[PDB]
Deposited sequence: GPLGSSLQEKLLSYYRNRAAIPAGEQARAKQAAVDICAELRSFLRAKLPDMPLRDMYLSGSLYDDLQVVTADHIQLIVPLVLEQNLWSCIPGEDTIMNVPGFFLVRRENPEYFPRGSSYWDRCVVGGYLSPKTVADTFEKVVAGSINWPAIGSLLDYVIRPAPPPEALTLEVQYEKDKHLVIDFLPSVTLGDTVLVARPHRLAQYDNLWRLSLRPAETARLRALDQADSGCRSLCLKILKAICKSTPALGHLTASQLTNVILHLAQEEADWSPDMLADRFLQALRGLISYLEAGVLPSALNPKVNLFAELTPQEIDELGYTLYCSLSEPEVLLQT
């Protein structure tokens, strides 16, 4: 049966071996803790708060192998000196991103905020904020040295700025930094749009609300929504042609399906999984996967029409190839 096959798959492929999981988490926590001590007394005029961990590995949603996690770098934008403008209301015309503008320059002149140094054309540029972070914060740190204080080999990549942390003989955790600001209840991260011309836009952070929703639905049920997600994530991670699919896209297929099916008991796993499959296919066919949290946002918007067709073509072929889809 498909039910057995899926549970077998989760167990032999999707589920991260516990030792691996524990050691990767420990290295992240230990590095985050050491950075907290180190940075606390270092950049006294910078509105910088403690870095903190975020991502599927932190949430028990990472699959196959523990290989990555984020350190969010929370920055403070002072009261009433800043506003965010939704992307769809800018000429850039992209929902799910925001411009951040310096407000009241005419009364609290350029110079008033620490972040004025990262202001360009009146806007707080996420790439200039990220450059400042890398040069001023990350740069003040000897990475291989901290790994030596802790007992890890830490290698900063020369390529986007990430840390490769060997936590096991032949296993490494890749850590990347996400500068973040919050305006009202709008949480923004500097993860650039795929294309350069959009590099002035901060990205709206969806993950915390997405994963909260998913968890809250399963707690109430108590359903197999997260198990289904982890399985689909493992298939995509394990299939190169499915490389363009993200955890957010898969999570939102499941959240939409949650509006249509209330019953996610353990024995419904197979039916829901197949539903999630045909559903993902139909969104690809439509070229649009609306965010379950903010339906103005199209989660496929950074993919090209050709990429979207290739994904759908791949999934259709997979239906007749359960053995490759469910390796190993």
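Given the full deposited sequence, which segments carry no C-alpha coordinates?
Comparing the full sequence with the modelled residues, the uncovered ranges come out as 1-5, 164-165.
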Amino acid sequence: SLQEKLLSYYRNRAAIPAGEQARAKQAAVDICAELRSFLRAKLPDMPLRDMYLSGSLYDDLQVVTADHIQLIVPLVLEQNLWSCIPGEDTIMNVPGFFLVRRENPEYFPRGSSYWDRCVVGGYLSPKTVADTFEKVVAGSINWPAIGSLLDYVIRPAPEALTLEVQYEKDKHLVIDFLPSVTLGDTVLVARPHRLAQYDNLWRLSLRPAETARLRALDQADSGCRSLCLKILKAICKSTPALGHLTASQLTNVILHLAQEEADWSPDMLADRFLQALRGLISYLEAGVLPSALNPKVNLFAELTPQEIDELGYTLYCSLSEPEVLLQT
From here on, numbers count along this sequence of modelled residues.
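Highest mean C-alpha temperature factor of the two stretches 140-148 and 236-244, which is it?
Mean CA B-factor is higher for 140-148.
State which stretch shows the higher mean Cα B factor in the entry: 186-194 or 131-139.
According to the entry, 131-139 carries the higher average C-alpha B-factor.
Among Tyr114, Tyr167, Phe98, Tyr123, where is the Cα temperature factor highest, going by the PDB entry?
The listed residue with the largest C-alpha B-factor is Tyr167.
Out of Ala160, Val76, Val253, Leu178, residue topping the C-alpha B-factor column of the entry:
Of the options given, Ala160 has the highest CA B-factor in the PDB entry.
Sort the modelled residues of this chain by their C-alpha B factor and say whether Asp60 lands in the lowest, middle or highest third.
Answer is lowest: the recorded C-alpha B-factor places it there.
Using the B-factors in the PDB entry, rank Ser37's C-alpha atom against the chain and give the third, lowest, middle or highest.
Ranked within chain, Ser37 CA B lands in the middle tercile.
Relative to the other modelled residues in the chain, which third contains the C-alpha temperature factor of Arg11: lowest, middle or highest?
As the PDB entry reports it, the C-alpha B-factor of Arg11 lands in the highest third of its chain.
Chain thirds of CA B-factor: placement of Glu307
CA B-factor rank for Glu307: lowest third.
For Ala270, return the chain-relative third of its C-alpha B-factor as stated in the PDB record: lowest, middle or highest.
Its C-alpha B-factor, which the entry lists for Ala270, ranks in the middle third among residues of this chain.
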